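Presented below is the structure to which this report refers.
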Amino acid sequence: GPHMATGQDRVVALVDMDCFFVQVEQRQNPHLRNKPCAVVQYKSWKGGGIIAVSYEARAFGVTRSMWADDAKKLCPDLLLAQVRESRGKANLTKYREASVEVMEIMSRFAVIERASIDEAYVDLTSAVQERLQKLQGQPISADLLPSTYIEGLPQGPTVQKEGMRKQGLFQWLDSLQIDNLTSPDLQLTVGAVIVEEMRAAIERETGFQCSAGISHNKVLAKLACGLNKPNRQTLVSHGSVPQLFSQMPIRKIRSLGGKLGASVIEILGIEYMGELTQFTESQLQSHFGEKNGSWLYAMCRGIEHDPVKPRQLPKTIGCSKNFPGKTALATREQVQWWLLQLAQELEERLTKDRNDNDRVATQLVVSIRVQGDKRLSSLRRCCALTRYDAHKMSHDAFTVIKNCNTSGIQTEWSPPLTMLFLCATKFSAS
DNA sequence: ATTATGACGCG
DNA sequence: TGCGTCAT
Ligand SMILES: Nc1ncnc2c1ncn2[C@H]1C[C@H](O)[C@@H](COP(=O)(O)OP(=O)(O)OP(=O)(O)O)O1
Ligand SMILES: [Ca+2]
């Protein structure tokens, strides 16, 4: 009743760039605009591995992870842009820099949490309060929400997508009580207006389009964002949760897309998020642990408290390269040359990071994979990162892993290494 | 022979 | 502290 929390205390948005690496390449090369196109890395093996795909190309069934040779079978006119290669490896600098462009624009509107190279969470609670004050009871026009969907509407007593969007929006706004500055639904609506403004600024200032979700927490905002892509935003109200969750596969919710979600399904014998409501908090804790159990209990009711962390910069700077099948490094010399290549890229990125962001990494993490291991990583060791010097970093990394060589003959390496990874971590202010 | 990233919880 | 998990 009066004491049952409803998790409607915050307004949180999640902004997610549409087919990001593709847009970066399309801005640069207008020939790629409004075409089926994809971004690929490493042309030689099966045409290269696809890592991003335009919506035009998705219509043909082109997907990430597909080899370009195979994508061409589905879409013979598929256009391709290649990831830059430097020092014998893919180099993602262009995309990291494009990401900074967007993150800096978003930061003008509110504090952001960088979730990935092209996603950020925004806590709009304070901004919404301010905008509500300026509005002073004034109604919110549908014109302020030109690309917004209201999940769950229209409902109750046009056959085209845009017609439906407007019908749903109209029902939502018609029902809104703009009188109360503490109405959660009103707060979400004002949040959506601000996100329209944010997304317009991103597009004006970078050329990039994105989608967004607006709701009361990060999980719902993320879920909302994916409901209407691309180039649209979706408001998921607290009230929309029971219907939305009633047919929502568990794996769709963030953090449940893997083994835990599979266990929830198997152990409880359910399929949809809404079905979770029938278990007590203790029951859920009994199967999935205290933390997960409490999280699931609240989440299936649309409630979650993870804060939007004030963090715009990545916490680590790393680089890695696989050496698959035949290319597996089998000589100390090889291991040393490749560690150096990685270290030179790392040095370059670290030096730029130190100049831009007034911080220095203090720990170097070295990771490798050995042939045959099904695990992404087979090992991880750390050493002090005391100088931004590629030769020193690569020498220290070697020193740290050299004891893995089961070889008897000094020169050779066994078993061959199929992955090298260097990561700078533990930043301090400088 | 997907590959190249990045954050976080358990212990 | 190293590993596993989950995600872009
Ligand atoms: N598994 C991956 N390997 C390498 N790069 C990836 C991988 N997943 C994503 N990326 C890169 C390329 C993407 O353009 C960028 C953002 O990823 P993501 O948001 O998942 O898809 P996307 O932005 O290409 O399409 P969408 O419009 O569906 O968001 O990160
Ligand atoms: Ca994206």
Side-chain angles (χ1 to χ4, degrees), chain A residues 14-22 38-53 63-71 82-96 99 113-121 210 218-219 222-223 225-226 251-263 288-292 295 306-307 309 311 313-328 341-342 345-346 349 363 365-369 371 373-383 400 416 418-427:
Chain A
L14 182 272
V15 176
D16 189 346
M17 306 306 298
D18 301 328
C19 54
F20 187 49
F21 288 17
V22 165
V39 175
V40 291
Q41 51 187 20
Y42 301 137
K43 209 73 183 72
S44 307
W45 180 272
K46 295 181 173 180
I50 291 177
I51 62 172
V53 189
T63 64
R64 162 175 304 133
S65 103
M66 195 169 279
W67 297 118
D69 282 349
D70 297 326
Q82 293 173 8
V83 178
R84 163 192 174 187
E85 289 181 30
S86 304
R87 304 187 196 80
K89 62 179 302 296
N91 186 298
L92 306 172
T93 300
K94 189 191 302 182
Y95 315 108
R96 291 192 187 95
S99 175
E113 181 185 336
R114 184 193 195 271
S116 73
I117 193 162
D118 82 329
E119 303 183 321
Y121 292 95
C210 64
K218 296 202 295 188
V219 167
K222 174 57 180 172
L223 188 62
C225 182
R251 68 181 178 273
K252 303 298 178 177
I253 279 57
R254 180 176 78 159
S255 83
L256 303 181
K259 291 180 183 174
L260 176 64
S263 81
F288 314 109
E290 185 184 314
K291 186 171 169 163
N292 285 329
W295 183 85
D306 189 31
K309 320 283 188 300
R311 183 184 56 80
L313 300 180
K315 289 191 172 184
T316 55
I317 299 179
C319 57
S320 60
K321 180 178 175 56
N322 292 345
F323 304 87
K326 172 154 165 283
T327 67
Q341 302 316 294
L342 279 185
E345 178 185 330
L346 194 53
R349 288 166 54 193
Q363 178 174 72
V365 173
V366 187
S367 182
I368 67 183
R369 194 181 177 187
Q371 201 161 34
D373 192 337
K374 198 195 80 175
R375 298 175 296 170
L376 277 59
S377 162
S378 298
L379 179 83
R380 185 203 95 116
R381 299 293 190 79
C382 57
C383 64
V400 158
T418 55
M419 180 279 297
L420 295 183
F421 184 24
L422 295 180
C423 189
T425 68
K426 298 198 181 313
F427 287 91

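Just so you know, these numbers use all the heavy atoms, side chains as well, and skip hydrogens, waters and symmetry mates. Letters A, B, ... are given to chains in the order of the sequence lines, protein chains preceding strands, and every chain is numbered from 1.
With rounding to whole Å, A:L260 atom CG is found 13 Å from C:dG4 atom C1'. Here C:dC6 presents its P atom at 17 Å from NZ of A:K218, a figure rounded to the nearest Å. With rounding to whole Å, A:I253 atom CD1 is found 18 Å from C:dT5 atom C1'. Atom CE of A:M66 is separated from atom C1' of B:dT2 by 12 Å (rounded to the nearest Å). Between the NZ atom of A:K43 and the P atom of B:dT3 there is a distance of 16 Å, rounded to whole Å. Atoms CD (A:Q363) and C1' (C:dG2) sit 11 Å apart, rounded to a whole Å. In this entry the distance linking CD1 of A:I117 with P of C:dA7 reads 19 Å, nearest Å. Across the protein-nucleic acid pair, A:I50 atom CD1 and C:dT8 atom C1' stand 17 Å apart, rounded to whole Å.
To the nearest 0.5 angstrom, A:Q371 atom CD is 13.0 Å from A:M419 atom CE.
Nearest to the side chain of A:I51, among B:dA1, C:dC3, B:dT3, sits B:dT3.
A donor-acceptor contact shorter than 3.5 Å is absent between the side chain of A:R380 and the backbone of A:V365. Judged by distance alone, the side chain of A:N322 and the main-chain N or O of A:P324 form no donor-acceptor pair under 3.5 Å. At least one donor-acceptor pair under 3.5 Å links the side chain of A:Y42 to the backbone N or O of A:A90. For A:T418 (side chain) and A:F323 (main-chain N/O), no donor-acceptor pair under 3.5 Å exists by modelled atom type.
When the side-chain nitrogen and oxygen atoms of A:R375 are compared with OP1 and OP2 of C:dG4, one or more of them lie within a distance under 4.0 Å.
A:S65 comes within 4.0 angstrom of a nucleotide base, judged by non-hydrogen atoms across all strands. Here A:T418 lies out of heavy-atom contact (under 4.0 Å) with every strand. When heavy atoms are screened at a 4.0 angstrom cut-off, A:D16 is found touching no nucleic acid atom at all.
Minimum interatomic distance between A:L14 and A:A120 (heavy atoms only, all atoms of both residues): CD2-O, 3.3 Å.
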Report, as a single string ordered 5' to 3', how protein heavy atoms within less than 4.0 Å touch nucleotides 4-11 of chain B: B base, S sugar-phosphate only, - not at all.
SSSSSSS-

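With sequence neighbours left out, the side-chain hydrogen bond (donor to acceptor under 3.5 Å, both in side chains) criterion links A:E113 to A:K218.
Comparing C:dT1 with B:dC8, their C1' atoms are spaced 15 Å from each other, to the whole Å.
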